[PDB]
């Protein structure tokens, strides 16, 4: 055959169609070898050395597995080789837009460097996909294997970012709506991107994943829902789906939002902001970009990877001294110090536009405790983390279709009360972590008093160690006693 075989520790032997190999063997795809999946998490979990490259091969493989399983069970769906290849390409290419240290780049750096711009890795993936196709002559290779480039490039982009704008899609009609639920599920978040990273991250972190995606694929069918053909899970798998979201949330709490992994991502972002005026990345026509402007030119963005960290760390330029000093503090493990964690008790989230006021509010708290050192706004980092089941306040399982054994092609709905009284009553919450840039004993003691007083003033939850770190502050709050 002309298929290549790649051995992966998660999936075993992955067979790749020659069109997929041509897409993978490009500078635009190979770039993902130099972007860590968990960014700063590697500095907490040493097994987490994995890159977006191997995750992308796994997403492309699982996308192919699911569409083949549906076509084998229900030939009447008329799934073509063309459909299979287009779903695999979208799976392979949905991580193309990631920047240095993955979620650090679009979650922390671009918001602070370029607040005027609205940028996501998903839009990056669509722009990088266009640059990959056009720079490497892929459209004629697509046609050679039976694809229709105009329709199928549209279909691939829609699978990653949704409608580029009643059926809102142009790449495929309503009778193939199920194809859009495999790579990036906009309806309920159940997709092969999560299935790969749960298993891969768990393998590398040394933590346990409870989600059985092979069982899910075996039980998956397509059903009619409101004039669309969609993916329906077997009714009895509903508990396994609730457990999938519980697992996702558990992996966010223990690993992806680890308090020290997040501070290392914050310190790396700070070094990038201090380096951004001085690093030059050449793009199209020899034009020079910066870390923050390389997102505007895919030829420049192609060369923007975790390498930026080492380019700064190893620099001799006096201009890069400040950026270099922050990364040196990461190496000596002189990190900003974790003060504590709290949650809002209210139902209205802290909004992103309020994030910058929060350090001033902590510094404005007046703890009734003797303090030697006085801290300022600039001494505090306040990190707000949205934890949910992928749909804000909504239950994603209310947006899943199920079938029963007696009518395997008829969609039904299952409510939370039909499953268990032991499930969550709420599907979204915020975590607030506070850190201090002053690392001495006296500064950290003070930071704790300001923190717990701010919690009390804002009616947030009592920090788990509140009575130990702030014994004179916690008694003032009756809700805490």
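Positions refer to the first chain, counted from 1.
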Extent of unmodelled deposited sequence, residue 332 relative to residue 331: none
Is the mean CA B factor in the deposited entry higher across 71 to 79 or across 193 to 201? 71 to 79
If you take the mean CA temperature factor per stretch, which one wins between 53 to 61 and 445 to 453? 445 to 453
Highest recorded C-alpha temperature factor, please, choosing from 103, 405, 258, 215. 405
Looking at 131, 121, 157, 287, which has the highest Cα B-factor in the entry? 287
Looking at the temperature factor on the CA atom of residue 432, which third of the chain's modelled residues does it land in? middle
Going by the recorded CA B-factors, say which third of the chain residue 245 sits in, lowest, middle or highest. lowest
For the chain shown, is the CA B-factor of residue 344 in the lowest, middle or highest third of its modelled residues? highest
Third of the chain's Cα B-factor distribution that residue 88 belongs to, per the entry: lowest
Compared with the other modelled residues in the chain, in which third is the CA B-factor of residue 465? highest
